[PDB]
Amino acid sequence: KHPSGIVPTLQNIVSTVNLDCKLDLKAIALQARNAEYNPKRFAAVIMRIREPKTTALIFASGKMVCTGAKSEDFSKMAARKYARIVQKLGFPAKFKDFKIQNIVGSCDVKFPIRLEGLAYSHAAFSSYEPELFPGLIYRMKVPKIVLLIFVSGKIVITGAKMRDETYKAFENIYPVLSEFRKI
DNA sequence: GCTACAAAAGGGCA
DNA sequence: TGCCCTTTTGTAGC
């Protein structure tokens, strides 16, 4: 499962669910204290809960985005809790088509990387402009995943909709990272 | 408290 | 149109 002997830690999960009902945002924004709303700035009511620590963007259309959870299950859990809060408020809220939209992971290979060398050998995948951003942007094709590689050996993997995509991207990159270990 | 990246949802505006 | 808007999170040099 994990040949490199390293398991990326899941850091942020983004999901969406359909409450399947139109919502009155100003009413929700008035009844709730755990809520914010400035339509002039953004179309959603921003709401937050402590456990699991997350932030939901709630729309009039009944759709909802959930951010900040550390796992897929935590994300679904937080979404149901927001859905329960909306119900207590007077809306016939359901929970339709809950879907994990993005998973962000990170790990430490515990060795320095020669980013310049890596980018040169993988030009068709690499974006390295150190004066702009200190990390090398690696757009992997299979799985379709974006990895941010730093000189420190710190790696961020984002864009996954399944956690096995996150693990594979990392196992795919590990041998390349070793090839460009900074001695 | 910006550079960079992924992703969703919506109003607004070239 | 599509591209911002907003939110989250890791990373790191400015």
Side-chain angles (χ1 to χ4, degrees), chain A residues 6-26 28-29 34-39 41-72 74-76 78-79 82-83 86 93 95-113 115-116 118-119 125-141 143-163 165-167 169-170 173 177 182:
Chain A
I6 296 168
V7 189
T9 298
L10 297 191
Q11 304 284 6
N12 177 38
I13 304 273
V14 173
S15 66
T16 51
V17 71
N18 191 348
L19 299 194
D20 210 40
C21 77
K22 297 315 166 193
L23 304 174
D24 181 337
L25 308 187
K26 202 52 258 183
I28 301 171
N34 259 24
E36 309 186 316
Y37 182 50
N38 185 359
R41 190 147 176 261
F42 189 60
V45 156
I46 281 65
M47 195 174 283
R48 301 179 167 96
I49 61 178
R50 277 184 80 190
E51 295 299 347
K53 178 166 172 254
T54 57
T55 294
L57 309 179
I58 293 163
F59 303 85
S61 61
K63 291 184 172 185
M64 178 178 78
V65 173
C66 181
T67 62
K70 296 288 175 180
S71 75
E72 300 89 324
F74 277 145
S75 192
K76 185 170 206 172
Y82 286 113
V86 172
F95 206 71
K96 186 190 180 191
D97 308 305
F98 170 87
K99 175 171 169 46
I100 294 292
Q101 300 289 2
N102 183 45
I103 301 165
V104 179
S106 74
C107 43
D108 190 354
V109 298
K110 317 293 203 301
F111 62 74
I113 319 287
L115 298 184
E116 203 189 297
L118 174 11
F125 310 104
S126 306
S127 278
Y128 186 42
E129 285 202 26
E131 281 164 339
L132 311 200
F133 183 72
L136 181 160
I137 311 304
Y138 198 104
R139 290 181 169 88
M140 190 172 282
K141 281 323 170 206
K144 197 184 195 289
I145 291 298
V146 176
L147 302 93
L148 311 188
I149 305 162
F150 303 83
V151 196
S152 51
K154 262 35 186 285
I155 312 303
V156 171
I157 313 94
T158 189
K161 276 185 197 293
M162 284 309 152
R163 73 165 63 181
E165 294 179 303
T166 306
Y167 298 151
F170 181 73
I173 211 67
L177 301 181
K182 186 170 179 294

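Each chain gets a letter, A, B and so on, in the order the sequences are listed, and its residues count up from 1. We use all heavy atoms of the structure for the numbers below, so side chains are in, but hydrogens, waters and symmetry mates are not.
Below the 3.5 angstrom threshold, one finds a donor paired with an acceptor across the side chain of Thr158(A) and the base of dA6(B).
Glycosidic conformation at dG10(C) (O4'-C1'-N9-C4 for purines, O4'-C1'-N1-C2 for pyrimidines): anti, more than 90° from 0.
Distance check: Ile103(A) CD1 to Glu165(A) CD gives 7.0 Å after rounding to the nearest 0.5 Å. Atom CZ in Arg139(A) sits 8.5 Å away from atom NZ in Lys144(A) (nearest 0.5 Å). For the atom pair CD1 (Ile173(A)) and CD1 (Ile149(A)), the distance works out to 4.5 Å, reported to the nearest 0.5 Å.
Of the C1' atoms belonging to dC5(C) and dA14(B), the separation is 15 Å, rounded to the nearest Å. Between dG10(B) and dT9(C), the two P atoms lie 23 Å apart (nearest whole Å).
No side-chain donor from either of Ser15(A) and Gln101(A) sits under 3.5 Å from a side-chain acceptor of the other.
Residue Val146(A) is classed as a sugar-phosphate contact, given heavy-atom separations below 4.0 Å to backbone atoms only. Within 4.0 Å (heavy atoms only), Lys99(A) reaches no atom of the nucleic acid at all.
Of all nucleotides listed (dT11(C), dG10(B), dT8(C)), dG10(B) comes nearest to the side chain of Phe42(A). Closest to the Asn12(A) side chain, of the nucleotides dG11(B), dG10(C), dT8(C), is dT8(C). Set against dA8(B), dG10(B), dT11(C), the side chain of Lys154(A) has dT11(C) as its closest nucleotide. In the set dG10(B), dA8(B), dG10(C), the nucleotide with an atom closest to the side chain of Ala43(A) is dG10(B). Set against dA6(B), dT7(C), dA8(B), the side chain of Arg48(A) has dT7(C) as its closest nucleotide.
Remark: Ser152(A) is in phosphate contact with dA12(C), judged by side-chain N or O atoms under 4.0 Å from OP1 or OP2. Taking side-chain N and O atoms only, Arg41(A) has no distance below 4.0 Å to OP1 or OP2 of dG11(B). Between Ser61(A) and the phosphate of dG10(B), there is a side-chain N or O to OP1/OP2 separation shorter than 4.0 Å.
Here the closest non-hydrogen pair linking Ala44(A) and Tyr37(A) is O-CD1, 3.5 Å.
Pairing partner, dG10(B): none, since no Watson-Crick or wobble contact has both distances short of 3.5 Å.
Checking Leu147(A), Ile113(A), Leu115(A) one by one against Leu136(A), the side chain to side chain contact (heavy atoms under 4.5 Å, CB included) holds for a single residue, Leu115(A).
Residues of residues 17-26 of chain A having a heavy atom closer than 4.0 Å to DNA chain C: none are found. For the segment residues 49-56 of chain A, the set of residues with a heavy atom within less than 4.0 Å of an atom of DNA chain C comprises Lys53(A), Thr55(A), in numerical order. For the segment residues 130-141 of chain A, residues with any heavy atom less than 4.0 angstrom from an atom of DNA chain C are, sorted by number, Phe133(A), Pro134(A).
Under the 30°/60° scheme for interplanar angles, the aromatic rings of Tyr138(A) and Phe125(A) are found to lie parallel.
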